[PDB]
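Below is one structure, written out as structure tokens; the observations come after it.
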Amino acid sequence: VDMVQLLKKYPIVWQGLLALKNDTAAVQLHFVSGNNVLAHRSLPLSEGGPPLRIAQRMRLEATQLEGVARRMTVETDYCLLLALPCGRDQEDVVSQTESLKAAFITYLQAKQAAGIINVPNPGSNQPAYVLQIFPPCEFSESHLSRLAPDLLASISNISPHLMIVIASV
Amino acid sequence: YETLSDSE
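Structure (structure tokens):
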């Protein structure tokens, strides 16, 4: 995983944890596509970044993916992010990967859904923001390879990851 | 978008 290539086009926008049920996974979010400001305004912080909780889910249907693609082709309305397990060290990375695979990856793929995280915009306090956590499904990698081949070449090895779509409305 | 399962 070489960030030195990909960060030149799309650098990290957030670093913290994801949390659903009671299972957390420390992940760092690389920018992929869309409006980077969307991530800065959606992804909350205080110490570094409180765990993004999964409060909803989008069943990824072929029909849904069409609708998603429609708002994905308009970079401004959505933000595309790549969440990778951020470990302190190699061992820590393994543990985060392990937790992430079992808690988020397996769950999201089992549901065939999008982990929907509602965040409020700082000062606005309106949770009208949807971060869609899509599993490492073909759909995800296909768009990722088209949108960010630079970072894609790094995630091909760390396939156990999430594709997070920040959607306005 | 349903309602998943977090901590509230």
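Residue numbers (the authors' numbering), protein chains in the order written: chain A, 3496 to 3664; chain B, 2518 to 2525. A virtual CB, placed ideally from N, CA and C, is assigned to each residue, including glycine.
- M3567 (chain A) is a Cβ neighbour of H3638 (chain A), given a cutoff of 8 Å.
- Bridge pairing for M3658 (chain A): A:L3577 and A:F3629 [DSSP].
- Per DSSP, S3528 (chain A) is one residue of the beta strand (DSSP E) stretching across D3518 to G3529.
- For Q3510 (chain A), the enclosing beta strand (DSSP E) covers residues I3507 to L3515.
- Counting only residues of its own chain and dropping the five nearest sequence neighbours on each side, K3504 (chain A) has a CB closer than 6 Å to the CB of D3645.
- Sequence-ordered contacts of the segment 3496-3519 of chain A with chain B read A3514, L3515, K3516 and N3517 [C-beta pairs closer than 8 Å].
- When Cβ pairs closer than 8 Å are counted between the two stretches, the segment 3579-3592 of chain A is seen to touch the segment 3517-3535 of chain A, the count reaching three or more.
- Under DSSP, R3552 (chain A) forms a beta bridge with A:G3610.
- In this model, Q3627 (chain A) and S3541 (chain A) are separated by some 22 Å (Cα to Cα).
- Under the three-state reduction of DSSP output, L3603 (chain A) falls in the helix class.
- With a threshold of 8 Å between beta carbons, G3544 (chain A) makes no contact with chain B.
- Per DSSP, reduced to three states, the secondary structure at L3547 (chain A) is strand.
- For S2522 (chain B), the secondary structure class from DSSP, reduced to helix, strand or coil, is coil.
- From the beta-carbon of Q3551 (chain A), the residues of chain B found nearer than 7 Å are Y2518, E2519, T2520 and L2521.
- Secondary-structure assignment with DSSP links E3570 (chain A) through a beta bridge to A:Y3573.
- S3663 (chain A) carries a strand assignment under DSSP once its states are collapsed to helix, strand and coil.
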